[PDB]
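One structure is given here, and the rest of the page talks about it.
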Amino acid sequence: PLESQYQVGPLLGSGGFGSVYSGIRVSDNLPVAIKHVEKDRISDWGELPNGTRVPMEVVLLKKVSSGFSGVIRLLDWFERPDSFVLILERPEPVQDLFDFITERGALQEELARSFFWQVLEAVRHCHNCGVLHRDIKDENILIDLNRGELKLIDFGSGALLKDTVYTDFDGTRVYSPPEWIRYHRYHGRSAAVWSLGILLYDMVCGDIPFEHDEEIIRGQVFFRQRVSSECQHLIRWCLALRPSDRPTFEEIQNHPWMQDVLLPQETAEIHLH
Ligand SMILES: Clc1ccc2c(c1)N(CCC1CCNCC1)c1ccccc1O2
């Protein structure tokens, strides 16, 4: 019934997340994304309300797909003999933030502010649903170009959020915090804040601040592009070497650089249309 219920279009991409295709739900004409993962490539398993064996990714997605948010929602899923297939929302027209930044270079602060704020609201939403993403980065953010709305993707490296230490990680090394690099240990929220500092630098500079392990550990931030003092300060705070010196989400969102955020639609009219 996956074959009759969905019409398959082109391959959008493939990678550690599997293979994702453009698609249409035949019932209405809802644009969707169809994501295939081989069972043998799934190390992380969990269990449902009734309790079948599913990828952890499905558990995490169900927990965050209830109601609206800045997260791409799981609409349905299917099990095949050797794979799982996930049906996800697909905005149209859409561009990922990595491609967007590659094309336009460094973002104006007004645009970075609106984008970053929406990322924060989306991550707070995950954390409130009990989910830690663990791979927040430009390539895992989609822009709905008409509404100016940002949407999180790829919970395949994620976990249930907890207050105790994580000693495993399968996200992106150059967004991973120094405590992971040095000790193979981190706590959820403070690691997420570090990766948010990396993302914000990426937005306002057009590239990531650290390539090598030693630079991450050193934690000295050099600005290659002109960036306001208030924005440099927020970035340097998120990228504090000691986890406990980093801001909470509330402190990030009350920071002076974060005031007077544009609405998504305004953001699209000014910067995206
Ligand atoms: Cl339109 C669309 C909707 C929903 C999507 C996805 C796309 N993707 C693909 C992301 C692009 C990034 C640029 N390079 C190619 C893959 C996705 C990738 C991994 C997990 C879930 C995903 O859920």
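Residue numbering for chain A follows Swiss-Prot, covering 33-305 in order.
Header entry for method reads X-ray crystallography, 2.2 Å.
The backbone N, Cα and C atoms fix where each Cβ goes, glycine too.
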Practice prompt. From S46, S261, name the one Swiss-Prot lists as phosphoserine.
Written response: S261
Worksheet, complete the sentence: From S59, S98, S276, the annotation phosphoserine in Swiss-Prot is attached to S98
Discussion item. I need the CA-to-CA distance for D167 (active site, proton acceptor) versus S98 (phosphoserine), whole Å please.
Written reply: 21
Fill in: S261 (phosphoserine) and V52 (ATP binding site), Cα-Cα, nearest whole angstrom
40
Practice prompt. Report the recorded positions (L44, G48, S98, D167) that meet this criterion: Cβ distance to the nearest atom of ligand 1 under 6 Å. Use sequence order and write none if nothing qualifies.
Written response: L44
Discussion item. Let me spell it out: for each of the binding-site residues (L44, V52), count the other Cβ atoms within 10 Å of that residue's Cβ, using every protein chain shown. Which one has the most?
Written reply: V52
Worksheet entry | Distance [Cα-Cα, Å, rounded] between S98 (phosphoserine) and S46 (ATP binding site) | 26
